[PDB]
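*Asks:* Once you've seen the sequence and the experimental structure below, I've got questions.
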Protein chains: 4
Amino acid sequence: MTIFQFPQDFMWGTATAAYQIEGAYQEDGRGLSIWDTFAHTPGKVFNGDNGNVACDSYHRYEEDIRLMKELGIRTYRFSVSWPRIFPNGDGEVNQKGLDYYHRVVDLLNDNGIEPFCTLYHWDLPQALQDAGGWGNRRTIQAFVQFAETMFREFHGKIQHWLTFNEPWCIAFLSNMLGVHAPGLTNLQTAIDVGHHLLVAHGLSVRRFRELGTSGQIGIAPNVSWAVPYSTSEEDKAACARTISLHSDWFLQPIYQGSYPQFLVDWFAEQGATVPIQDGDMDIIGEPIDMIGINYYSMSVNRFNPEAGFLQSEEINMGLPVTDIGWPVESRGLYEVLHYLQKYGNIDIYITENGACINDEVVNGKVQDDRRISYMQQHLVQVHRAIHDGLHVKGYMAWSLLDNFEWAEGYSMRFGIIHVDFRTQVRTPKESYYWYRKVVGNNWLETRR
Amino acid sequence: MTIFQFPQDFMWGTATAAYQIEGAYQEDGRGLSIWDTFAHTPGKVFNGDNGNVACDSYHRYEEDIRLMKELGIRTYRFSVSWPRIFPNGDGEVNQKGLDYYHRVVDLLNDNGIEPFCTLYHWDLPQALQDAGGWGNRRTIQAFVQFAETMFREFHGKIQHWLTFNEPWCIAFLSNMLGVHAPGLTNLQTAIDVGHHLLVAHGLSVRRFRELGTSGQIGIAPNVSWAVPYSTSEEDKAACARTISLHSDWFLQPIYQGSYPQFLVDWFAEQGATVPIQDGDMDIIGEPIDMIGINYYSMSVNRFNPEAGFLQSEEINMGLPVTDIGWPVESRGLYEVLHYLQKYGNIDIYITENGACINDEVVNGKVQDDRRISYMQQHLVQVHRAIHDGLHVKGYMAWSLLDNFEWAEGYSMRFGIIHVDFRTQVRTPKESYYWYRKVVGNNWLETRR
Amino acid sequence: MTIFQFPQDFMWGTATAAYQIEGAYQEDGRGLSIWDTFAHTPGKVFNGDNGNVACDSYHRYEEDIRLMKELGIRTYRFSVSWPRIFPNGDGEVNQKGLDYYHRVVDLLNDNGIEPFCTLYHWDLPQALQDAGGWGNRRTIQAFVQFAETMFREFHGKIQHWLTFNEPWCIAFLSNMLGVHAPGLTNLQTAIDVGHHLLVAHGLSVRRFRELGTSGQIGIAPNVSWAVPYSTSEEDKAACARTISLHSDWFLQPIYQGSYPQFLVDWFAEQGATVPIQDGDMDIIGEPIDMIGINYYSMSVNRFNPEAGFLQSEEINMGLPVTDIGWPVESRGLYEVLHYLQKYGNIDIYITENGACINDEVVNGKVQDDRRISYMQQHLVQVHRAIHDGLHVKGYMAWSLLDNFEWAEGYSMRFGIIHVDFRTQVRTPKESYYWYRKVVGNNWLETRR
Amino acid sequence: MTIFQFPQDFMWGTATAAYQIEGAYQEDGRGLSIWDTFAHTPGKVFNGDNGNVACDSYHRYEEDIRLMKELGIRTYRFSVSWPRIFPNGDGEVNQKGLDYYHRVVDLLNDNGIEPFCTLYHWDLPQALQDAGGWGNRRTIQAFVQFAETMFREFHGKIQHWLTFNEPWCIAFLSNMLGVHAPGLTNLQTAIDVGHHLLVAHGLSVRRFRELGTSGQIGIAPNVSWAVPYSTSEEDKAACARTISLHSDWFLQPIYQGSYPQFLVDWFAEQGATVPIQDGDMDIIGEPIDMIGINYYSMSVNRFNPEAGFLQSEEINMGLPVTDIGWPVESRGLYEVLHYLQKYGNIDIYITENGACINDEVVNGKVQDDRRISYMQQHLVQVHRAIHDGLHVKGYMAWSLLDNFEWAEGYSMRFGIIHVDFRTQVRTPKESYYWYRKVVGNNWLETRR
Ligand SMILES: CCOCCOc1ccc(-c2cn(C[C@@H]3NC[C@@H](O)[C@H]3O)nn2)cc1
Ligand SMILES: CCOCCOc1ccc(-c2cn(C[C@@H]3NC[C@@H](O)[C@H]3O)nn2)cc1
Ligand SMILES: CCOCCOc1ccc(-c2cn(C[C@@H]3NC[C@@H](O)[C@H]3O)nn2)cc1
Ligand SMILES: CCOCCOc1ccc(-c2cn(C[C@@H]3NC[C@@H](O)[C@H]3O)nn2)cc1
């Protein structure tokens, strides 16, 4: 009914992460990450699921890349298992680790797919976590040597780099709420991890510039959007806190060399402060070429004193929800793209966007109409913002494959391709074929 | 997950219209209305459907009222067939017309249901339409004699009155776009009808005050909400035009004694002007106790020169739609309730809200979960605004019964009770039972 | 997509026959007809079905008439059981016979339904068949006394009369092919019966005029249409023979005081001649106000010497067929209406038209979409001919009720209302509700 | 029930077109056709479908030919992608283009299948369309060099040639109604294209004779049949206009050296004339060995002034329709075969006949009974005309494969073999196996 045409050089993609798809968790000298530890602890992951085999992408990468070529996709966002390159994050490199990523990347380049390399997608080596992990400044040095090895090793092979994925998850979800590895629950150690992340980021960007590594580099925050239930100041502040901790808390330092004062005041009142040393802010402010934003959902939030450390209560507006229980409201993606212009018209990529739709293989196909419906609403909002002159450069569907969805295990399916975890059979879903017509035409026809 | 508690004295209701449910179109001296004429003209109504029998509520009113009592509802909004009281609108009254409404209203009052009486729900007698209908200032005097008869006839029996329902439909849909009776397509005659409506309204309110008739009186505009695709001025103006013609065009005169200048300028440029005579604005500005608003849907609109007389193009955002193809975005009801505060914190009733869900009787019941889902999102927005201190006094579900949906005939089901047009059997839908617990508890819990 | 508007005064109806629906075959002094005898003989009727109970319309006439009123139909075509009025056709009248038809007819007139009375619908009393039946000139006088009694008995109560139904069936199907009662197979006795029919017709029309009985009278031939497979003369002649024996053989005498010479020559060569006495042609030529035509199907026929007594072989064109195996080609009705203009622009009624669709009651209703599809194509052809200025005055659906379909018994359903022969339950089919809107609107819209 | 025996040497076939099945739209130096351009323009083709891969017959031709051999078919009608031989239609030939058609044709001849080569099946090179395409007389020269190359290249390999397929579509559908590539809407440029087509045809036939190329050559018009709703002259003229523009407009010049005067007068009154130069009619009148006729549907048409440029309104006779909404009335094929005898008893081939039936693979088979039913009715009409002594030499089912149905995309299935456009899997439908018994026996038994 309406036609939405995309810019000529718009980067269509699909996204995965090492621990979620790779498997082969003990092969070719791989050391245990914090997620190996976490998935092997009873009660941490639904149904006791772990990434031991996952989608076995370590061996099946040839098949996955063939399905990407047939998709006619332009970029493929993957993540490097740190413990595959530095099993202890010690400085003793694993050449078998590198060899795998060279095979993967070399195939992508031969098939005219541009690699989009996330260095850190939560697989911190357990060796570093034994010594305090991201709460220890020693990890900052460890990450930079990892970042450096990859920059040196895959120079000219990779033109698009992200240091970290979803810092809010790595810091606050992993160390405040205890939902993700390593599953702590302390305001102060989350803030510590958060700050050390940014220093490790800055220094890795610095080395990239010093090495004159090929391409462009950035960070990929998960981005929350909240809207106030009331015209009340207290409800507006609750939304501000929710929005700012996901985006502003990591982006204001990188772009404006400071933390959001109102959140520093909020945390200080809970007896937490940012462990800021001399030259830390200078390092963090090291200019970056683009950001990724991961958008999934938006919410209506009311002030509530008993509603967690941000005193921001999500309200059930009665909206329809994905199989993981997230409401679908595409206009949040439009709102957050406009909100992020406070940092200027930066080059933004949608590095993750997708829906949890648990439809399985019936008569040889997956009839995931609800995933097509989700994607349709969200790609309108991407066009809508490009048309407002915002520099949205690309869109990457989460995910290429049904994968290990962290603490939900294999129970929540985000993939555009169905994966059977008994047989490792790939079945492209209806969404795969619908998307193949949205990337190859480079326009979208909204109709149902 | 979230609980929404309503004010103590909040008015729960259901809504119908005479032509849509009554039937008995030739019985007890009823004269033909413009809708009888329109429904009897081939190509005007889908499948050649007409209101000749409809839900046969003329004879089955006892059954419908029993189903309302079991619903535990507090108000009932109905409309009077003008041509049942004045078959020619000539001043010769029909006692059989009045007797029916006395039987209906007397039952409602005996069952502790408060009647909410809409005088005009598009039933214009054909006798007056032969003379030019609402385009002829003659109808204004005709309507006031009708209004007066009802005021005097049902004084103390009825405490809630609306002069007109959806003026935008009566004027612009009926006389500009030609979709509704009497199906003309002339900018000038629509504006004429629109103006004459307001004069007839003012004078009827005046007589109500002069008669010291029991209760309170108002008008019930259908209310559009549009949001711009772009931050562009042209796109914002297109939305303003769309929003203002539905609400502002009838409400600005009643509340601020003028027409929206920007729409007068817009129309003037198409060679149309308002036939405003001396003291017309004074009549129209006669104070009213409250308004009804009919809300259904919301839209995203772009400026487009070839997109009808308002040059406002609705965009398909890929959102899910009701069976009549309207998208559901409850937050429009919240936005428009805030927008209407430009006339101050007036007493507002939701006189119509509902979804077209065509589920039929299967294993003895209707499984209209999508209607419950719709109602749930919208009743959150009603709570949301009451909580912002807005004087939203009540909510009336459109509709009590599957009825004659005008130009769609019986093909679109809005009812909360299923009606088999073959047998005139009433089957309360799942929505009826869901709604019965919301109005009886006087709170709502969101889930699904 | 296309709208077909009918003339203001167009007569909408349904049609039944006494033996097919009445039942009560021994009640109130009814004498056995030839069909009672035939249905009681093994191998004559499929499954040994008979009209002993049928639809029990003798007792259930009140119910059937109510369903007609709700249909909004204008005419009702029924037939009189001769042996109910004259059990022996001997001149001793049965007052109980008449009383039933007075009850039926009086209800029809009270409900504003115009009776359309067929005197002979194959009910010949067995007493007359013992004496040679229609092959004996004795029956001619017997029929006229019957015709007369009814004319005098129901004067002013009935305004539309047919002497005979489907003469071709009564004569050739019943006495040449042996398919229908009394099931003979002799060219000569068929031609005899055929001739005696016409004399009985002429004399009955004469008495109607002499009695100055109220209304108009005619005959209702079943009408075949055949089209040649080849442009060959022999194939064209085969069609002519097939067409002429159904229509021309009874209509040429009534309208042009002769038999089709080419068929007399054809039969004469098989040693058959018409037993025409002095003044017979004069009697037969008694002017009539209108005809009925019964149309169902059309065919493509080849000359074939071994293809029955008419040497006309029907060819299977692979067309789709009704459940009784007749192909649907509506354009035959248009062709035959034009062909019959050889007798001038006479007043024609479609006294029978319908399809055999054996859909049963499923989830409280009959989904006989193929019957609606059939009726739709045929009512276009009725409009098409009226638009060519042909005097087609009415249309009567065969049948109101699933009935006793002669030699097929209850296995072929032609009814527009379902009848459960187990329980005598009436269930209006989808066709009933579809037809109800065509006759009430008095226009038709083609779709599906 | 009836047996229809075909002549001994009757040519059974199946038909495809290059753009509809080939795919490989950029491979081995292929230049863009006007259909590549048209399919890549948003809003031109349903669902944004294009022939980029189609059935991938460029690579899968071996499989398709094996399925033809198992069918026991005698002829295979295919079309040559002009832009595969002359990517710019410039005169620089592509040897890789020729090599493909030599591989295809050589396989057909080895398998005893007779190639039936359509030179032009709408794939005009975009290079020529940039310069005005068929509206430019330069294209005439371009086509003749193409025609010539193929004649020289495949002499003795191919014995059956068609210059153009469906001229009415190429001219009027493509350039008057704008439905097909290149999607113009101008009476005059359609007539231009139409005339230039005929000159290009004549000159190509001339070269064929001069080259003494092996076999016989013709043209394949799509053939409409219309029948008047009324006996009125104006309704008869409307049909004449509809019939003549499809057939007579291209056939009267080839066979009688003139255009239908009544259509020249009709067009002249709309300010259009045929751009006829000296020797044009002489060229067009170059004798031809046979025609193809493409028959699908016939219609009932009424005169209507507002019903397009021919003022001929199709009426919905309520007949059943194929999934693409065309009514099935086989007797049109019989009527048009008789009508075409105005050019004498020419050798006619049914080069296209088929139904759109969208049945998909269920339990390993396609249950396309409606396609068998369609084919059955139409093959009776082919026998019927052969039996009238008409020189109908052959029948080619449209289509071998589900293909790219132009502006309907992949949504409308005409194939006798099912194709999955995700996996390129061929599944012979029930129609394939039914037809295999109609070609191999060389008789047909009409029964259902
Ligand atoms: C008690 C309530 O519970 C609180 C848990 O709160 C969350 C919030 C958000 C998430 C979340 C998961 N994803 C998908 C992944 N994105 C990064 C990529 O690697 C995907 O695999 N995004 N957000 C999970 C849990
Ligand atoms: C060709 C497309 O052009 C635009 C169609 O134009 C409209 C606009 C609006 C409506 C419409 C119908 N309703 C529901 C009733 N409200 C009053 C009450 O009695 C309900 O029965 N609201 N709006 C229909 C048609
Ligand atoms: C062995 C095959 O040999 C040929 C069969 O021969 C026929 C011919 C025609 C019919 C036939 C049945 N009807 C319907 C009734 N019309 C009158 C009305 O009362 C309906 O109940 N019409 N024609 C049956 C059998
Ligand atoms: C607004 C109403 O719309 C007007 C569109 O009018 C038509 C008419 C006719 C056709 C048509 C398509 N075919 C099948 C192909 N035959 C040639 C072969 O290559 C097949 O692929 N035949 N006729 C399409 C569209």
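*Replies:* Okay, I see it. Residues are numbered from 1 along each chain as shown, chains lettered A, B, ... in the order given. Ligands and ions are numbered 1, 2, ... in the order given.
*Asks:* quick one, what contacts the residue in the stretch 301-448 of chain A positioned nearest to ligand 2?
*Replies:* For the stretch 301-448 of chain A and ligand 2, the shortest gap (C-beta to the nearest ligand atom) falls at residue A:447, measuring 16.3 Å. (C-beta placed from N, C-alpha, C; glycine too.) By C-beta atoms under 8 Å, 6 or more residues apart in numbering or on different chains, the residues touching residue A:447 are A:1, B:316.
*Asks:* Next: residue A:217.
*Replies:* Contacts of residue A:217 by C-beta under 8 Å, 6+ apart are A:161, A:162, A:163, A:204, A:205, A:208, A:288, A:289.
*Asks:* Please identify the helix or strand for it.
*Replies:* strand A:216-220 (DSSP states H and E).
*Asks:* Who does that strand pair with, and is each partner parallel or antiparallel?
*Replies:* In the sheet, strand A:216-220 lines up against strand A:160-165 (parallel), strand A:290-294 (parallel) (DSSP bridges).
*Asks:* How far away from the center of its chain is the first one?
*Replies:* Okay, so that is strand A:160-165. Centre-to-centre, strand A:160-165 and its host chain are 9 Å apart (C-alpha atoms, centre = their mean, to the nearest Å).
*Asks:* which residues are in contact with that strand?
*Replies:* Against strand A:160-165 from outside (C-beta under 8 Å, 6+ apart): A:17, A:75, A:77, A:79, A:114-122, A:147, A:151, A:170, A:197, A:200-201, A:204-205, A:208, A:213, A:215-220, A:292, A:294, A:351.
*Asks:* Show me the helices in the stretch 101-250 of chain A, by range?
*Replies:* A:126-130, A:138-153, A:167-168, A:174-175, A:187-210, A:233-246, A:248-256 (DSSP state H, counting those that start in this stretch).
*Asks:* helices or strands up against the second one?
*Replies:* In this structure, helix A:138-153 makes packing contacts with helix A:82-85, helix A:95-110, strand A:114-120, helix A:126-130, helix A:187-210, judged by 3 or more C-beta pairs under 8 Å, 6 or more residues apart in numbering or on different chains; DSSP states H and E.
*Asks:* Residue D:242 is nearest to which of the ones you listed?
*Replies:* With C-beta to C-beta, the closest approach to residue D:242 among the helices and strands packed on helix A:138-153 belongs to strand A:114-120: 55.2 Å.
*Asks:* quick one: contacts for the closest residue to residue A:204 other than its chain neighbours?
*Replies:* Nearest non-adjacent residue to residue A:204, counting by C-beta to C-beta, 6 or more residues apart in numbering or on different chains: residue A:147, 3.8 Å away. By C-beta under 8 Å, 6+ apart, the residues touching residue A:147 are A:119, A:163, A:200, A:204, A:207, A:208.
*Asks:* Quick check: residues of chain A near chain D?
*Replies:* Applying C-beta under 8 Å from any C-beta of the partner chain, we find that chain A lies next to chain D at A:3, A:5, A:428, A:433, A:437, A:440, A:441, A:443, A:445.
*Asks:* Next, the buried residues of stretch A:54-65.
*Replies:* For stretch A:54-65, burial by neighbour count (16 or more other C-beta atoms under 10 Å in any protein chain shown) applies to A:54, A:55, A:56, A:57, A:58, A:60, A:61, A:63, A:64, A:65.
*Asks:* Isn't the third one up against residue A:27?
*Replies:* No - judged on C-beta atoms under 8 Å, residue A:56 makes no contact with residue A:27 at a distance of 10.4 Å.
*Asks:* Residue A:129 and ligand 4, how far apart?
*Replies:* 65 Å (C-beta to the nearest ligand atom, to the nearest Å).
*Asks:* can you list the residues that contact stretch A:359-367?
*Replies:* Under C-beta under 8 Å, 6+ apart, the answer for stretch A:359-367 is A:368, A:370, A:371, A:413, A:418, A:420, A:427, A:428, A:429, A:430, A:431.
*Asks:* repeat that for 7 Å
*Replies:* By C-beta atoms under 7 Å, 6 or more residues apart in numbering or on different chains, the surrounding residues in contact with stretch A:359-367 are A:368, A:418, A:427, A:429, A:430.
*Asks:* Of the residues you listed, which belong to helices?
*Replies:* residue A:430 (DSSP state H).
*Asks:* Mind putting the contacts of stretch A:359-367 into a markdown table with distance to chain B and neighbour count?
*Replies:* Converted to a markdown table, the contacts of stretch A:359-367 look like this (distance: C-beta to the nearest C-beta, whole Å; neighbours: other C-beta atoms under 10 Å in any protein chain shown):
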| residue | distance to chain B | neighbour count |
| --- | --- | --- |
| A:368 | 15 | 24 |
| A:418 | 23 | 21 |
| A:427 | 25 | 16 |
| A:429 | 18 | 24 |
| A:430 | 15 | 17 |
